[PDB]
Amino acid sequence: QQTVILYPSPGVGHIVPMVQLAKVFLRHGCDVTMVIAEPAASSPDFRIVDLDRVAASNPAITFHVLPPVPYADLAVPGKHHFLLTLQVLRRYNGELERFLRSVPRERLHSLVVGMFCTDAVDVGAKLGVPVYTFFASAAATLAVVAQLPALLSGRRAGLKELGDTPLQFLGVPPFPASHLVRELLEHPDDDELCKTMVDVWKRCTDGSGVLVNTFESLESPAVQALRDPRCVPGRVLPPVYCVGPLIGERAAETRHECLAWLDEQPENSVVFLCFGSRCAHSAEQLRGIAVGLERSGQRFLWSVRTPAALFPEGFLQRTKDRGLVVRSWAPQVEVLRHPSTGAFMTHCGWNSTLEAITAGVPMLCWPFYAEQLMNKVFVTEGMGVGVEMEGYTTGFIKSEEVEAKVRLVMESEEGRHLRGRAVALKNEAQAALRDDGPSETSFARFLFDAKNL
Ligand SMILES: O=c1ccn([C@@H]2O[C@H](COP(=O)(O)OP(=O)(O)O)[C@@H](O)[C@H]2O)c(=O)[nH]1
């Protein structure tokens, strides 16, 4: 009876899909231990998932928190929190190796690492254990990451010099250079975060294979590119397996309020607004959204974080028969699949994008950071299941644009065709997940390959 070791990167978007991956391993007769490397206590992702609650919810998974590593020396004023996180994660590889040596060797099936824990491949390599990266982003994003070394090698300036000039990667929709992850727009030699982030992320292909949280029919060109010898000249990439979509007190009350209210709304009527595990609009922006939402006349369910006075006077009273505003953390997956939900105003994180795709809900795209601006292009231009919200790169989206785009998705003929394409993709997501469907077949091919290694 073998044990898979799951070793996620920090953050809701890395841990939540890994828990779902764990359930797949369990369904296939593996034991699971999920090894948790906590970031620095100053990380916005520090204990953002309540692991005590997660363990209680999944008693068949063994959860193991690694002993802490020193980092105060690195925690200098002004350091980008993600640079500190990348450095801290490299420092955990000693504790990870001590833990892995504590497990009877013959019982180890594989090591599956998050996409910012890739240096742990050296630990599995040394122990003779197959290592896989769990890539929690799109397959197109993986295809970009694989091709970024070649793009950056000849350069004497950062990609910021290109402005909105399109970047072209094999298998990937063109997207403006400015929409690349922002930190990668600096010259690698000029910015430690750029160099470190590229050096870490690029190693997702240095193991035995990659488990991607996507379904092949959503991203067929990107999956083809990853198997194409030109993708990374002079290199054969390991196997890529599309195994998704893998979708997973005060919050308990909020969830109850949300779903009971949605149950009383007409089908496809509600605009849901929810912006990631940690994005927050300014107070001024929240007011602007509220005015556009009210003006649109549509029903809405709006998850609001306190900025990091919110609404016009009387906004809540006037909208009480068509809208519900809740605080801070909403049951997003259950809202998205609710038949009353008709649109999703999103920050375009990949889990959120997959959740909406799998539910058949068209998107109003408001990307903030990470690869969210890339996801926005993939959703609006590649997939065609969302719309842009003008001003998203400028620091303020006007109430006129909020109303215009809510009405476009919810009332216009263009919106109806958009919804129809979203429903088609939902159907494909469901096909991917059916018994003996593509994502089970892919997971089975991964299990065969890992056993044979
Ligand atoms: O109020 C909220 C905000 C976020 N989420 C979940 O938080 C995840 C966010 O992950 P994503 O990759 O979209 O973006 P990130 O937070 O990493 O930027 C998703 O699974 C959402 O369903 C949620 O359930 N309720």
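Just follow the structure's listing: the first ligand is 1, and inside any ligand the first atom is 1. One-based numbering along the sequence shown. In what follows, every heavy atom counts, from backbone to side chain, and hydrogens, waters and symmetry copies are set aside.
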For [atom], closest protein heavy-atom neighbour:
atom                    : result
atom 12 (O) of ligand 1 : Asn351 ND2, 2.8 Å
atom 13 (O) of ligand 1 : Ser352 OG, 2.7 Å
atom 19 (C) of ligand 1 : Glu355 OE2, 3.5 Å
atom 25 (N) of ligand 1 : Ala330 O, 2.7 Å
atom 23 (C) of ligand 1 : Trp329 CZ2, 3.2 Å

For [X], counting its heavy atoms only, list the atoms of ligand 1 lying under 4.0 Å from any of them.
X      : answer
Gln372 : 18 (O)
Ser277 : 15 (P), 16 (O)
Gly276 : 3 (C), 4 (C), 16 (O)
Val12  : 7 (O), 8 (C)

Side-chain donor-acceptor pair present, [X], [Y], cut-off under 3.5 Å:
X      : Y      : result
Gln265 : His338 : no
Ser137 : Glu371 : yes
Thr196 : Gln87  : no
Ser399 : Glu403 : no

Legend entry - Close approach, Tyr369 and ligand 1, non-hydrogen under 4.0 angstrom: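 Yes.
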
Inset, instruction - Work out whether the distance between some heavy atom of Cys274 and some atom of ligand 1 is less than 4.0 Å. - result: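 The answer is yes, since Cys274 has a heavy atom less than 4.0 Å from ligand 1.
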
Inset, instruction - Flag the pair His347 / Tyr392 as yes when their ring centroid distance falls below 6.0 Å, and as no otherwise. - result: no

Inset, instruction - Could you tell me whether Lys202 and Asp199 make a salt bridge, using a distance below 4.0 angstrom between a side-chain N and a carboxylate O? - result: yes

Inset, instruction - Tell me which one of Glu334, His347, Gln332, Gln20 gets a heavy atom nearest to atom 21 (C) of ligand 1. - result: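 Among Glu334, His347, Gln332, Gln20, the closest heavy atom to atom 21 (C) of ligand 1 comes from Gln332.
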
Legend entry - Other residues, nucleotides, ligands: >12 heavy atoms within 6.0 Å of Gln168 CD: yes

Legend entry - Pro266 vs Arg299 side-chain heavy atoms within contact, under 4.5 Å: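 They are in contact (side-chain heavy atoms under 4.5 Å apart), so the answer is yes.
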
